[PDB]
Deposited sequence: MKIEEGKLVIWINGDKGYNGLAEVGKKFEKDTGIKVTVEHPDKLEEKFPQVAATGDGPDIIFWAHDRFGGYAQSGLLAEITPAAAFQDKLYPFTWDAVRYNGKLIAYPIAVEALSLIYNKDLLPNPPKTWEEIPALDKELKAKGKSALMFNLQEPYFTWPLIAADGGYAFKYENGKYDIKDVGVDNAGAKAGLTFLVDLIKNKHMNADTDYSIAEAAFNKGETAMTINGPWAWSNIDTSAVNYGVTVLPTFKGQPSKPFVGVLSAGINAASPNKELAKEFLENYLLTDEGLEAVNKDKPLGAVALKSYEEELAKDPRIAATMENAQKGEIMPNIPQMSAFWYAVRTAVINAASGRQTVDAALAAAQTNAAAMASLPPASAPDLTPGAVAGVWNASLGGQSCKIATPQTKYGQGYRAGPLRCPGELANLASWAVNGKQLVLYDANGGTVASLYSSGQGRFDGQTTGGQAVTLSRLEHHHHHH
C-alpha cells in the first residue's frame, strides 16, 4: 500500500521536479512530513494500474483531461477547498478539474495555442482571419507566405472551427450533444477550406512543415503552443506571440489544457496532500520554485500569473486560454478526435464537402460516444521486434522515445533497406518506418496480437514479431 505519514508525488520528467522537491522540503521542515518527488516513465498509464489496486503515489500531476476518466473511475479523492482559497485561482481553471459537479484536482498551470508571428516580416499582425487572404497576396509577391500551421490535427484547426459556434460536447458533459455540424462549425471549416481553395494554405501542411517554414523565415505567421517557443529561440527569428485572430468578430476558441494535481483516492495522507498543495505549492514562492527549475507557462494562481504575465508570450497564452474552450475531461473525447480528424482532412482534400464531412463526423462521434469499446497507438508499437524478410531475419528497436514528431528507432544487424532505420511513427492503422532523412523505409499494419505485416518501400516483404520472455 501507500505508506502513511509520507507524501509521494509523481510528475512528468519534462517538469521542474527539483523545484517541486524544494517546496517538498519546506513542507518537511514545518511538519516533519517527508515529500518524495518521482518522475516515472509513462506515469499517466502506470497510475491507473496501481491506484486501482490500492497503491501508487499520493499526488499525481497530469493534464486535466485524463483526470475525468480517473474520477469517473473513482481513482481520485474529492477535494473541498475553501471558497477563500478557490478565489486565488482563475475561475475557469476550476472548471477544468470538475467532474460531475465535484472538484477532483487542484489546477496548476494553463496551456493553449496562440498566434506566433515574425515581427521582421510582419510588425503588426492581423486581428482578424478575414485579413489573411490580402496579407497573403502581399507576402507571396515577396516570396513568403502569410501563415502556415498543422492542418492535419483537429487540435490546431479547432480554434477557427469553434470560433462561431462549434463545440465538442455541451456542458456535466452531455455525450449525446455534439456540436460539430452546427452553423458556426460549418462556417469556420468552410472558411478554412476556401483558404486552401484560394491558394493561401496547402491542404497537406503538417506540424513539421509549418514549424520548419516559420523558423526558416519562409512564412510570417504560425499557430502553436509554448512547447514550441524553444525551437524558435534556436531560430534567432525575432518572433512575437499574440492573441489568435477573430473570425466573424468571435475569438478563436482553442482547447485549453490545465496541468493539475490529483490526490490518490487510496492515499492515507489525503489531508496532508491537501495542505501541501494549498498552503505550499499554490503560493507565489512554491510556484516560483518549480518555475525557476522549469517554466510552467501561464499559471492558475492569479497573483503569480500577474508576475509571469510581464512576459507577453505568457500573457498571450493566458488570454487565448480564457477565450478558448476547456478540453473536456471525458474518455468519449477520443470519438470526437477520430470523427473530426477524418472530416477536416476529407473536407480540405476536396474528397467531401464541409456539409457532408461535418454531418458524417457528428453522426460517427455521437454514435461512438454512446457505445462501449480505432487507430494504432504508440504504446502498441513500443518495444523490440523480430523482423522476417526473405530467408533473412533480424531485430529492430522502436522505443517510445520521442524524436521529432516521431520516435527513435534502431536496426540490429538488419540486411536490405532496414539497415537505414532511424525513426518510427503511427498513422491511424499504419506503422511507418523512416530513414535518417525522413524517407519512408516501410509501411506495416497490425495483423494480430503483437504482430505486424507490411512491405518495405521497395517491395520486399516484412513481418514484425515481438520479443518477450517469461520468468
query	finding
Parts of the chain sequence, as deposited, that carry no C-alpha coordinates in this structure	1, 173-175, 378-380, 479-481
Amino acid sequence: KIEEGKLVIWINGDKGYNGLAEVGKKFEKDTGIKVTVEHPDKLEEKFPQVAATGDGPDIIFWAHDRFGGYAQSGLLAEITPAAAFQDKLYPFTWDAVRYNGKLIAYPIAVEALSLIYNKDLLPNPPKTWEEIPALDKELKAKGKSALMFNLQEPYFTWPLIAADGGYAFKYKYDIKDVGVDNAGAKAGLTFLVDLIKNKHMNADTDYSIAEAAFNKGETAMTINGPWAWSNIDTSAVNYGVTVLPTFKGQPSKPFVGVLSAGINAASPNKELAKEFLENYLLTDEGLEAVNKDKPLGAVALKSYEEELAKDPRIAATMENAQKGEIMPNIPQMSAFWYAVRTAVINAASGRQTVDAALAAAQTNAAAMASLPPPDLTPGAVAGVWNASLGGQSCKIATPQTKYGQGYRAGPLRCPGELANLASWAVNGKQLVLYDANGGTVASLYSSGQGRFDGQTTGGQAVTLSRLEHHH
From here on, numbers count along this sequence of modelled residues.
item: Entry-level comparison of average CA B-factors, 103-111 and 138-146, reporting the higher stretch; value: 138-146
item: Higher-scoring stretch by recorded Cα B factor average, 338-346 or 232-240; value: 232-240
item: Per the PDB entry, maximal CA B factor within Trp158, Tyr280, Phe191, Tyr171; value: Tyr171
item: Of the residues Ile223, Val258, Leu122, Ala265, the one carrying the largest Cα B-factor as recorded; value: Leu122
item: CA B-factor ranking of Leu464, expressed as a third of its chain; value: middle
item: Relative C-alpha B-factor of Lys26, binned into the chain's lowest, middle or highest third; value: lowest
item: Cα B factor band for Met368 (lowest, middle or highest third within the chain); value: lowest
item: For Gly454, the third of its chain into which the C-alpha B factor falls; value: middle
item: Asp65 by Cα B-factor - lowest, middle or highest third of the modelled chain; value: middle
